[PDB]
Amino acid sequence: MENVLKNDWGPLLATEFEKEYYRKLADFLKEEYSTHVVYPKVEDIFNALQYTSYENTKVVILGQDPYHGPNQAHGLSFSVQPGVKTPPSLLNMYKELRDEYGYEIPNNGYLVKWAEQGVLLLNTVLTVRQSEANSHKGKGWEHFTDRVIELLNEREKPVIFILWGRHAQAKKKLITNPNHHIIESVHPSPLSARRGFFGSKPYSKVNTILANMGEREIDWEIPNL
């Protein structure tokens, strides 16, 4: 929960780390990590920002909170560590990806390759108690992740925002600068994916925008391990 950010995020978010709300969040999480199993590992909480700098951010994909099971979360939205089953939401993302480019369903849910190419995989809530989804909603995390979105909004170089589901889409109120690109659909969850996620072509829509800006396109293919 200390500012361990090695890149341009460090200075940019410095004022957030000195606010009262953040100190009380940090004290709450210090107690929570002692008493309960919390995910991800404390050293992984900020990995989305660590892997994908303010400068290098091309697309933001908002999630909710981390996966709440053992060896799943590692500080990226949607990604799971190698060795565990792909969550249905990510499987549906892989199925839309097969549909777009013909890539087979990978044997893992590890998305560090996306983050390395400027996909900021940002959950709005960055911790969770084991087996209790949304256990850390309303503790301060969304003041922090709202600030991440506000900063990207203030950026001059256009930012692509992928907003899956109403909770992600509610963050449009922070994206007031009209130079930014917004890609919207229902969530890839099996309970919603058939109402517009399949056929939404988020991947090629992103790469079409990156080509029109003279920026290097993203290689979406996830390798087997």
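Counting begins at 1, following the sequence as shown.
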- Query: Out of 94-102 and 74-82, which one has CA B-factors that are higher on average in the deposited record?
  - Reply: 94-102
- With reference to the PDB entry, specify whether the mean Cα temperature factor is higher for 120-128 or for 148-156. 148-156
- Relative to the other modelled residues in the chain, which third contains the C-alpha temperature factor of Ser192: lowest, middle or highest? lowest
- Among the modelled residues of its chain, does the C-alpha B-factor of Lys172 lie in the lowest, middle or highest third? highest
- If you rank every modelled residue in this chain by C-alpha B factor, which third holds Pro178: lowest, middle or highest? highest
- Task: Determine, from the deposited record, the chain-internal third of the Cα B-factor for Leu210: lowest, middle or highest.
- Result: highest
- Tell me, lowest, middle or highest third: where does the Cα B factor of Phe198 rank within its chain? highest
